[PDB]
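In the block that follows, a single chain appears as C-alpha cells, in the form deposited in one PDB entry.
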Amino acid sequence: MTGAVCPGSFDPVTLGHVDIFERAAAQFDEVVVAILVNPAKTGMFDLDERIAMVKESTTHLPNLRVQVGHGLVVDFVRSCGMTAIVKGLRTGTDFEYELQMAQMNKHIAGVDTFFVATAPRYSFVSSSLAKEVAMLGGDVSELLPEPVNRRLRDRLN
C-alpha cells in the first residue's frame, strides 16, 4: 500500500495544512503527519500541543496518523513504511525552497515528493503570519481549525 508523509512544523496547524492532509488522504492508502520541531526553542506550541492540535483537527480522516519526526524526512519515509512525501505550495518562494529539498531528497534516498497547490482561499495563510497577527490582537479564527482557535484563545491571556 502507498503512504505519504506530510512533514512540517505545524506551529500551529492551519486550515491550509488540513486542506493538504485531506487531499493527500484521498489519494494515498495512509498519511502520516510528521511533526519536526526546529532546534531553536522559539516556537509557540510545544511538541505535545502540536500533536494534539493536528489529531483533533483530522478526526474526519481515518487513514491519517500523527507522529513526531526525527532526522531526515527520507529516513522516516523509508524506515517507517511510507512511499512518498507530500507538501503544499502557496507561492513562488515555496516552490523554489521545496524544489531544492525535493531534488536533494531524491538524490540522497530516491524518495519522491509530490506537491499540491494551495486552495486559493488559504493562499496567504501561514503559521508564522497567523501567530504574529493573533499576538497583536487580530482575528485569525477563520484561518485555523477550531481546536487551534480554542488553544490560541487560552494562550493569549
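So that the term is clear: the rigid core is the largest set of C-alpha atoms that superpose within 1.5 Å between two forms. Shifts are known only where both forms have a C-alpha. Throughout, we count residues from 1 along the sequence that is shown.
What comes next is about the form deposited in another entry, which is not displayed.
**Student:** Align on the core first; then indicate which of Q103, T59, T93, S128 has a CA shift of 2 angstroms or more between this form and the one not shown.
**Tutor:** That would be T93.
**Student:** Given a change of 3 Å or more, say if the Cα atoms of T93 and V125 sit closer or farther in the other form than in this form.
**Tutor:** It is closer: the C-alpha separation of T93 and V125 falls by at least 3 Å in the other form.
**Student:** Lining up the core, where do at least three residues in a row all have CA moves of 2 Å or more between this form and the one not shown?
**Tutor:** After superposing the rigid core, the shifted stretches between this form and the one not shown are 37 to 40, 91 to 94.
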